[PDB]
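These notes are about the structure you will find just below.
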Amino acid sequence: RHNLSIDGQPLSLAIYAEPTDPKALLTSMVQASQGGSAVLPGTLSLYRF
Amino acid sequence: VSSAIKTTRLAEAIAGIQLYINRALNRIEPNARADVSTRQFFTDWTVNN
């Protein structure tokens, strides 16, 4: 009834649908918004330019 | 039986009727007609089975 031989050996070759390969993992650089310095009013020097 | 085993409609009909003849000739099912069971076909059942 279970498709076996008289000795118990199976008569139908099975299948398993092989697992899907290795995996690629990558990393990336990340940048963010950056500001600059400000300018203040200047002092008056005692010396010439 | 398992779904793995296959057959044909005519082959399965032959197997079913063969089983019925064996049960009837061997007094396994009651009220079997003793006159019919002595036909030449059933006397030669050793080769007609």
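What follows is calculated from the coordinates using simple rules that are stated; it is not laboratory data.
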Provide, for q = 0.13, 0.22, 0.25 Å⁻¹, the log10 of I(q)/I(0) from a solvent-free Debye sum over equal Cα point scatterers in the protein assembly as shown.
-> -0.85, -1.22, -1.30
With -39,500 (n - 2.57) per DSSP H segment of 4 or more residues and division by the full residue count of chain B, the 222 nm estimate, nearest 500 deg cm²/dmol, is -14000 deg cm²/dmol
Alpha-carbon Rg/Rh ratio, for chain A, with Rh computed the Kirkwood way = 1.87
